[PDB]
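Here the structure comes first, spelled out in structure tokens, and everything after it is commentary.
Don't worry about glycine lacking a Cβ; one is built from the backbone with ideal geometry, like all the others, and counts go over all protein chains shown. Throughout, read-outs are computed from the coordinates displayed, never taken from laboratory work.
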Amino acid sequence: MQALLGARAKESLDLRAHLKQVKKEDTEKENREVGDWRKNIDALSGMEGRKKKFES
Amino acid sequence: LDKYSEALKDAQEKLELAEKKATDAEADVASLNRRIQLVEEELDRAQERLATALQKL
């Protein structure tokens with residue numbers, strides 16, 4: 001009876017999972033490379049004198 | 001006069017240095033308040049986004 005239904009479901013799930021696989025493998029290839037910056041702030045907290053520039 | 005003038009250049013220099021220290025310390029009170037508010041805002045936003053993430057969860 002059921003060979004056609006079996007094969008159709010098999011192919012559908014295979015295609016879907018194949019698309020998920022071809023995205024997931026490359027996104028795990030680049031998943032620690034998805035970092036960002038820190039944006040450190042100086043705030044001149046370590047100064048103990050006037051700057052030699054003409055602005056100050 | 002020289003002693004008062006010198007005591008003054010020194011009180012005044014110590015003042016320019018103390019005022020500078022205050023200016024720079026204040027520049028940092030402000031830079032710290034900016035970072036505190038940027039971080040508190042990111043925190044409140046992290047918490048808004050958390051509350052949202054939790055609501056979306």
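As a test of the formula, what do you get for chain A when each DSSP H run with n ≥ 4 contributes -39,500 (n - 2.57) and the sum is divided by the residue count, at 222 nm and rounded to the nearest 500 deg cm²/dmol? Write out the running numbers ahead of the final one.
Numbers: 1 runs with 27 residues, N = 56.
So the calculated ellipticity at 222 nm is -17000 deg cm²/dmol.
Once you have the Cα-Cα distance between residue A:51 and residue A:16, take 0.36 nm times their residue separation minus that, and quote the gain in nm to one decimal.
Gain on stretching residue A:51 to residue A:16: 6.2 nm.
Using a 10 Å cut-off around each Cβ of peptide B:27-39, what is the average number of partner chain Cβ atoms that fall inside? Could you put the intermediate results ahead of the total?
Working: counts 4, 7, 1, 1, 5, 3, 0, 2, 4, 0, 0, 2, 1.
Partner Cβ neighbours, averaged per residue: 2.
Under the rule of -39500 (n - 2.57) per DSSP H run of 4 or more residues, summed and divided by the residues of chain B, what mean residue ellipticity at 222 nm is obtained, to the nearest 500 deg cm²/dmol?
On the way: 1 runs with 55 residues, N = 57.
The helix contribution divided over chain B gives -36500 deg cm²/dmol.
Between residue A:32 and residue B:36, take the C-beta separation as r, use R0 = 22 Å, and let me know the FRET efficiency to the nearest 0.05. Present the calculation step by step, with values, prior to reporting the outcome.
Numbers: r = 30 Å, r/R0 = 1.38.
According to the calculation, E is roughly 0.10.
For every other residue with a beta carbon closer than 13 angstrom to the beta carbon of residue B:9, add +1 if it is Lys or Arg and -1 if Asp or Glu, then tell me the sum.
Details: positive: B:3, B:14; negative: B:2, B:6, B:10, B:13, B:16.
That sum, taken over residues with Cβ under 13 Å, equals -3.
On a 0 to 90° scale, report how tilted helix A:3-29 is relative to the longest principal axis of chain A, with both axes built from alpha carbons and the result rounded to the nearest 10.
10 degrees
Just to check I understand the Karplus step: with θ = phi - 60° and J = 6.51 cos²θ - 1.76 cosθ + 1.60, what whole-Hz values come out for region B:26-41, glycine and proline as x?
6, 4, 7, 4, 5, 5, 6, 5, 5, 5, 5, 6, 5, 6, 5, 6
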